[PDB]
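Observations on the three-dimensional arrangement
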Amino acid sequence: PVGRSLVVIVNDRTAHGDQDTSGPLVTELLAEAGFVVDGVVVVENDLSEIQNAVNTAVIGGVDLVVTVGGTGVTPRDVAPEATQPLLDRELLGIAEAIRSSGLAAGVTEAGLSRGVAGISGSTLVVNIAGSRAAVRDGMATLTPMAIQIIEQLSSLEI
Amino acid sequence: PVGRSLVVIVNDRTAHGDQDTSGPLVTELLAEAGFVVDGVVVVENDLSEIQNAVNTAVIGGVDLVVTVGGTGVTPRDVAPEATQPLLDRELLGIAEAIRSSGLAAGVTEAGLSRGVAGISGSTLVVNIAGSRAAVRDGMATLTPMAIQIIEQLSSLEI
Amino acid sequence: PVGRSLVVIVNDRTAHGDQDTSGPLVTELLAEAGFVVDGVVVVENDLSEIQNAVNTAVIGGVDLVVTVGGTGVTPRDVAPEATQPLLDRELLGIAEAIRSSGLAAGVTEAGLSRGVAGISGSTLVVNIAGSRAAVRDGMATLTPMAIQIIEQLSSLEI
């Protein structure tokens, strides 16, 4: 196994009982890249809830947290605002590659995603947009990068 | 019509009577994408003038403001410095896509543009470099993105 | 000659006597693009040493400083943290183009580089990752951009 992962669904409707159509796809793509999926957390578009969810993964030593949702242009979308202050160092390369690949694939919500990416504690944290198309394209870009970052951290033999 | 737009020409020479060769091209490309062009404002490379021009569009409820000029490497180029503090949220995807497309087209002043992009109030604000080549390539990248952001805002039915 | 350049090797091992395998390649690529190479400085992954090295080039009026190393994900990698506060204006276009080209070439440490770029005083400063592959790909992207920025500054006839 490459490492442990957690998925955070950032969606007001999912947090009140609607069918989450994105999370299972993220889970299966993580598993197919070789990650153990420790769990899925659903939160509202709420800064402190999102922070609590990520910080909980960070304190439990999770290797990869993928948040899904809350990267659009409306004031309610606060995943990036919630994430950025938790980052000890940003990895613009991840966020830029996700936007760039989504734009080339014609997935607008991915090209325009305000998502950030970085290391918090021992955890790689990456925001992706909420749609199935964004999760598909974002995950294809992200997972080899995440494998390399995580493999590099454990080859430090720290 | 997709929405209302304003063009802000940021150019010391144009502000003192020289022929503006970029503004008419921006106007015609906006019109061809379906925007009403409310007007054109000419300002110097001057932070408070640029801010006044943009804030005036913001308070009038304009949907898209394209600023043209003042994104180069010299100290006089202050469009990005003027713009960034007005943004309630940045849209790095727009600025990155404009740079990336300009670089692939060999338009140096576009690849290297310090331009930013984001939402201020109800207005999408985007900096592009001053040349005809930069306006051509920047507008081709920008206008479908702007249509999608604006169509999304009005489909909120707010 | 296009201008004067300095190379700063940011590497703990090189700073204690190991063979620097990257610096000669950077020197030869600079020379081949037409820069005079004023010198090479070796420093540790140490914020104040890196700053001293860059600020020394800035005060001596150097046109281009390329730093090599210290852009990875581990806490010891501090080239970007050292560089960013010295920049009077950032040139995201350079850093983004370096990441983007490295990603397309399959050079992971380049796609993921946290390197920044910008103008400090009269000096263009650009961080690249430490490997030979990163220096090869980064330099191919950087040197035409650097020539254009420097040629533009001296054509100001300031």
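Residues numbered from 1 in each chain as written, not as in the entry; some residues may be left out. Chains lettered and ligands numbered in written order. Heavy atoms only, no water. Residues with missing side-chain atoms left out of burial classes, pairs and counts.

In its metadata, the entry names X-ray crystallography as the structure determination method and reports 2.3000 Å as the resolution.

Moving on, we get to the pattern of salt bridges. In this structure the tally under the stated criterion is 15 salt bridges over all chains. The salt bridge involving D38 of chain B is made with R4 of chain B; its shortest N-O contact spans 3.0 Å. In this pair, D38 of chain B is assigned in strand β2 (residues 35-43) and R4 of chain B in strand β1 (residues 3-10), connecting sequence segments 34 residues apart. The class of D38 of chain B is partly exposed, set by a relative accessible area of 39%. Between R114 of chain B and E81 of chain B there is a salt bridge, and its shortest N-O distance comes to 3.0 Å. Within this pair, whereas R114 of chain B is found in the loop between α5 (108-111) and β5 (117-120), its partner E81 of chain B is found in helix α3 (residues 79-83), the two being separated by 33 residues in sequence. In the salt-bridge network here, residues are joined through shared partners; they are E81 and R114 of chain A together with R89 of chain B. (Salt bridge = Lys/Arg side-chain N within 4 Å of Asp/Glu carboxyl O. Helix = DSSP H or I, 4+ residues; strand = E, 2+ residues; numbered from the N terminus. Buried < 20%, exposed > 50% of the residue type's maximum accessible area, 1.4 Å probe, protein only.)

All names here are of chain A. One way to put it is that helix α1 (residues 23-32) packs onto helix α6 (residues 132-155) with a least axis distance of 10 Å and a crossing angle of 15°. Between α1 and α6, the angle is such that the two are roughly parallel. You can see that α1 and α6 cross each other, and the crossing is right-handed. Counting all contacts with α1, which are made through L25, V26, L29 and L30, the residues of α6 involved are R132, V135, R136 and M139. Of the residues in the contact of α1 with α6, the class split is 6 nonpolar, no polar and 2 charged. (Axes fitted to C-alpha atoms, helices over the stretch in contact; angles between N-to-C directions. Parallel < 35°, antiparallel > 145°, perpendicular 65-115°, else oblique. Left-handed = near helix turned anticlockwise from the far one by under 90°. Contact = heavy atoms within 4.5 Å. Nonpolar A, V, L, I, M, F, W, Y, C, P; charged D, E, K, R; others polar.)

Here we take up the layout of surface pockets. Here the largest pocket is characterised by a volume of approximately 1100 Å³. Lining the largest pocket are 49 residues, with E90 and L92 of chain A, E90 and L92 of chain B together with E90 of chain C sitting closest to its centre. Counted by class, the lining of the largest pocket contains 19 nonpolar, 10 polar and 20 charged residues. (1 Å grid on protein atoms, 1.4 Å probe; cavity = no way out; pocket = protein on both sides within 12 Å on 5 of 7 lines; lining within 4 Å. Points joined across faces, edges and corners; volume = space filled by probe spheres on them.)

What follows concerns the interface of chain B and chain C. Tallying the contact residues gives 14 residues for chain B and 13 residues for chain C. For the pair chain B and chain C, the two sides together bury roughly 1100 Å², of which 62% comes from carbon and sulfur. Counting across the chain B and chain C interface gives 2 salt bridges. Linking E81 of chain B and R89 of chain C is a salt bridge whose minimum nitrogen-to-oxygen distance equals 3.1 Å. The interface formed by chain B and chain C contains 5 residue pairs in polar contact. In terms of residue count, helix α4 (residues 92-104) of chain B provides more of the side of chain B that touches chain C than any other element does, 3 residues in total. Residue classes in the side of chain B that touches chain C are distributed as 5 nonpolar, 4 polar and 5 charged. (Buried area = accessible area lost by both parts, 1.4 Å probe. Polar contact = N/O pair within 3.5 Å; in protein donor to acceptor, adjacent residues only side chain to side chain.)

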